[PDB]
2 protein chains.
Amino acid sequence: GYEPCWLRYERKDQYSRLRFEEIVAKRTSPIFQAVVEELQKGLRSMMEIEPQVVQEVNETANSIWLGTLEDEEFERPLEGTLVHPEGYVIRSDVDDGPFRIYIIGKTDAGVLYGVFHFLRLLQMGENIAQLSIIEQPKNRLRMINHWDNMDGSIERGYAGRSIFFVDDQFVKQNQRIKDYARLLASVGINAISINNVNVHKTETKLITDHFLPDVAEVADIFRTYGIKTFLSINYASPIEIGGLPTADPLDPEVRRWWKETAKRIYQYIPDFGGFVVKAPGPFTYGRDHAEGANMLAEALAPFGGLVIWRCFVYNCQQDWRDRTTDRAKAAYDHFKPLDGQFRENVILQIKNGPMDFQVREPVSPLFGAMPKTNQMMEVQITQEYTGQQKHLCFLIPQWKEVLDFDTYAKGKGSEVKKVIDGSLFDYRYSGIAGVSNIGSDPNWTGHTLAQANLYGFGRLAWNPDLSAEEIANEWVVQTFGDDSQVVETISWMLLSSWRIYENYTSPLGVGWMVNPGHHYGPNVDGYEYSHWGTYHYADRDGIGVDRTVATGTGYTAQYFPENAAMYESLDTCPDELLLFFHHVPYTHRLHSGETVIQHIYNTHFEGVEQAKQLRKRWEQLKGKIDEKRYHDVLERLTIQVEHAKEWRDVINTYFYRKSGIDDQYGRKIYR
Amino acid sequence: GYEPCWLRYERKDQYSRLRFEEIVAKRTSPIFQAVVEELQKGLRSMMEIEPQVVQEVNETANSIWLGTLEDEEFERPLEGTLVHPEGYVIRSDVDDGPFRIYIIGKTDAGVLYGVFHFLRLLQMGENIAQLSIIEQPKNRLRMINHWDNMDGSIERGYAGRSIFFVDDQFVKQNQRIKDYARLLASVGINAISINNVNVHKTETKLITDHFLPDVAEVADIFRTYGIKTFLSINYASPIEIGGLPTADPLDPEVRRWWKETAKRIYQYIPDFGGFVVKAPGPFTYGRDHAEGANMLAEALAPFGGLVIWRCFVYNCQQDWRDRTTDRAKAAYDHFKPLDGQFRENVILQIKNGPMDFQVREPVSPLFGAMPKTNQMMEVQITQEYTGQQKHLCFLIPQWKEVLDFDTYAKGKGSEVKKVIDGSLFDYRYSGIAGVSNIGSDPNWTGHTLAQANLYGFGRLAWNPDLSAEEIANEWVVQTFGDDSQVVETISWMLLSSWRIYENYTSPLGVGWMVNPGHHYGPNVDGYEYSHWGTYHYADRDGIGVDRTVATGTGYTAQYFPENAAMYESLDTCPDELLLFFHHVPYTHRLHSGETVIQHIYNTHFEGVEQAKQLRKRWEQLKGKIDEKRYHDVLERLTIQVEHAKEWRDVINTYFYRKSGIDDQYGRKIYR
Ligand SMILES: CO[C@H]1[C@H](O)[C@@H](O)[C@@H](O)O[C@@H]1C(=O)O
Ligand SMILES: CO[C@H]1[C@H](O)[C@@H](O)[C@@H](O)O[C@@H]1C(=O)O
């Protein structure tokens, strides 16, 4: 019915097998049961062996040992250094007797992640004769947000319908949920919100007795795979389903209603993760988001729940005429002032950028600006503005640029990753969340290669220091095999895809220029005169948003001095973000030597040629990939090439018609 | 529940009444029954009298006589000249005895229209002491097309939900259908298609036994008011509900299926009007529209049904890059060549313009170009591109410009009205159709004053020679009374509204510049790079579509020599249509003396001020109009003023940003 994605566990040849007679499972918990089953599955499929599962080591048998520190006979030094609950150690016994692999986790979850790491080593064909590994995740929260609706639709879903809901109910099918959990767990994802942040009528009832049994059934599966379950809530629930006259967070009965709702939820799901909130809301009653979030936080506190408060807030009724109002400044101006007013179990979830998941956006100034408030970054795996899984776009490189961005909050070495992993400000709760890119499509992600974005998200969530190169390598090998041509080719495609897509879309960081509504395809003035605050201000002389303090919106001042100065100056501002920070003449000379207008022409003409190359390189792999996936991808790559041509021409023509400046190289621009 | 619109029958004062003791109804048919009931209603409400209904004249009683020629004792000369079946004569007896009013119709329908004319005279307070009237409609078909869907929605409906359907079924309520029929009949409308031309799944079943009983129930009501009922059909019905493998009009079984469908329909509705068709279609199987239409025509022929084939056909996948392809030429190039190949009961329905109901479009070249093919013009009463009933837009003046347009098909005096009334080419069937502007809203049309467009459509349909001035006068008096200030003010508002709306929307006939999808509001580049063939080609130097033969698409050649030459020349082409026919520099000087760019600024700034005046004039009527309607309209006028400001600024800014030319008068243009 559907692909196994990167958990193929392809059968090894006779020269790449392992000899094991037993699996020693020191524990019998539901998680351990899933761990054992997964190990059996991988070893059976890959090695064609079926070790017996036991609870005590057989001194003379080759074994894989699974357990926690408390299960050890002799606690060696390495595992003794473990402090993170989800951390683990994998080491081969150094003695000369039977072969033994020890997978030691700080907790059961640790053993689960350790096993998937062990299986990953096998899929990649690593020598496990002398292993000595210690791994602890950097981010406490490694979450996935689903924008699934209960009618089956998925907001911004380009990979089919929801695998959770249908006909305003839960799918009677749960086997796919189990395989999805296995996939998420394989890359360390430990938290999930199953419903759209835009909570509609039916979804509002997910926190009521009518649907809680079903939610609990889903949570039971995820729990088995070390995944905590969350629900996006409707802030107006007290009114819509509570029978109350208001949703005011300060109203005594409203506060009580939520506390009772929390209690009720925990009776079905004892380890419920908490609420994800997109917010009639607090503003409706003159309350600020601290008051709004803290009320929900107080309801969940007794149960250990968390409130994930999204900071995607802005004036969705902005006047395009007013160049003093800047949507990019909204998030910071709204939350920065509230630092230190939020309850301990509240985590502010902030998008990587201050606008809205554009192909390229500078880093949200909020990161590093709130020392006393937990923060978590939200990235979008589903490609809303990045190709919608029609165009290939491996998002890992972009996410690393964001994660490695130094905010200088506490001087050099204050990278975003250190802000969200909680080390910089000692955040009790923090991490990263990704908007799911899956659907009912057999290949899960619409575009076969988009599977790499989900895999990659998990890898970065676990350890942001991993290189895009090794993440791509791991994914390709596990998904398509180790043929050097296949690996080198697909890895190259993945690693260069984002830049290629940006080349023929929005120029120099200004973003947008997409069709309104569905957001797919070129439309330079699409939202140019809208009330969404997404403008490029292109005219016959130049383009760009002046966000300088000197003459613009003053957005640059939201960054710490080092970055503020870099963007403030027209001479130091990076080319790739120039139009996001400065309004400049088309003739303005970039650091690359190109005028702004010629740069536009260059990347659009050249981006299309690069897209053709992606397709050509893929075609050269025919015969080395099964026919089904070969054609699924070829189909998409062709769709990409044809659409890229539309992006190229629409943008080139628009700017030629406005600037009146011809392409330096005389390439075809339709007048 | 809803307003009576123009059939108010307001109670007259004691000095404006009539003395009648009897109504002589010479016939007992369902139509006559409705006629009598309407007369009783009007006389009771207006005159507070209740004449007894009799079948024989009382020599000594003041009476209103109703009958046809065959019912007359003495057939006078006037009614003796009647030839049209729906014509009638109204004359006061010239003798000195009792007062007698004779309403003589050629057929029952004629008597119905005669009575409504009599009632109209009373509502307007005309002296009926010495009447001598003869009226015969110019257009055989005076039709209304409904874009209602069975789920209750109305495509391009801005006046509420369908009054016909709900929950994929017919409304159990029929009283509103009766009052709607009364309204349509009052203005001579004699035909109606009750469902959307875009026939969806459920609507496709309107031609099956499952829904025919309901359709018949609706048709029974309309029949009583002289209205023939039609259904829009799904050309693919043979496949969707017929169980056949194809819809090919030349497939033997397909032809048979339609003939059987027709027979079945006529068993429920003996006088069924026929099918309205928007067309898997003939093109799908390499057949032309003559073959497509003739197949349906052959099925209806034995029953006297008609096939209304819409010519709204074009490449909905046009390349914006190709300036040689012109959507405006499509309709003519598609149908002109087929003249003389259509069956006698087929009528080609053509929109007033060759594009798509824009605020201003030149006349469709098809009118006058097909001497051997019946034609009917389609106009849009619902204001899709003309304010959507938020902005006031009395469409009658525009329709008269189209109707009075001389095609010169047979030399001077070949106006569009003479083409569609069938007199120019002796068309057996022809006329005019209007896309309904009603909905479930209590005031029927969303905007109270939009009621005038429905009324006006009927009046022009009956007699295109009626002036916009008298049509507006009739409507205002009947709807709001005869206070001279009220009449003069509302009439002025109606008569100037269209020009006002055009002033702040699309300039000089180029059209569009609307938001995509819903089509409401400014968005200059909205469809500029779309595949719909709706482009203005504005750049930093000029704007316009070159449709000349000399250098453009050659669209001008579709008109007869006299009009072709007028539009072909840049010097003779009317300003109001200049950008539809020529691409010109912004500095091009118009006949008005304005440069094209300054004209744009002028009409947009001034159009807003004119809109403010509409509101001001309405406010001055407070106290002379009931509070409910006064405020309903004031609300809309305020909405109009505010939106006009958006139209003004968006368009002015777009062209300033592109042309770089400032407003001559230094008015506020946001940079
Ligand atoms: C779920 O709503 C989404 C929305 O579809 C998307 O287009 C954007 O505006 O951001 C959103 C968000 O992150 O709330
Ligand atoms: C019913 O479809 C409509 C359509 O809503 C409208 O936007 C336009 O394109 O013309 C149509 C037509 O007259 O078929």
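Order of the sequence lines sets the chain letters (A, B, ...), proteins ahead of strands, with each chain counted from 1. Below, each value reflects all heavy atoms present in this structure, side chains not excepted, and no hydrogens, waters or symmetry copies.
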(message) On a heavy-atom basis, which atom in B:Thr653 and which in A:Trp320 lie closest, and how many Å separate them?
(response) OG1-CH2, 3.4 Å
Enter the distance from [X]:[atom1] to [Y]:[atom2] here, rounded to the nearest 0.5 Å.
X	Y	atom1	atom2	result
A:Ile543	B:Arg657	CD1	CZ	11.0 Å
B:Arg540	A:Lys658	CZ	NZ	10.5 Å
B:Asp322	A:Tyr670	CG	OH	9.5 Å
A:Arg321	B:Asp649	CZ	CG	4.0 Å

(request) Name all residues meeting the salt bridge (charged side-chain N to carboxylate O under 4.0 Å, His left out) criterion together with A:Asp546; count only those two or more places apart in sequence or in a different chain, and write none if there are none. (result) none
(request) Would you please go through residues 515-528 of chain A and name the residues with a non-hydrogen atom below 4.5 Å from one of chain B, in numerical order? (result)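 Listed by number, the contacting residues are A:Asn523, A:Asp525, A:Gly526, A:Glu528.
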(request) Would you please classify the geometry between the B:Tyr529 ring and the A:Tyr654 ring as parallel, tilted or perpendicular, with 30° and 60° separating the classes? (result)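 Because their plane-to-plane angle lies in the 30° to 60° range, the rings of A:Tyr654 and B:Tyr529 count as tilted.
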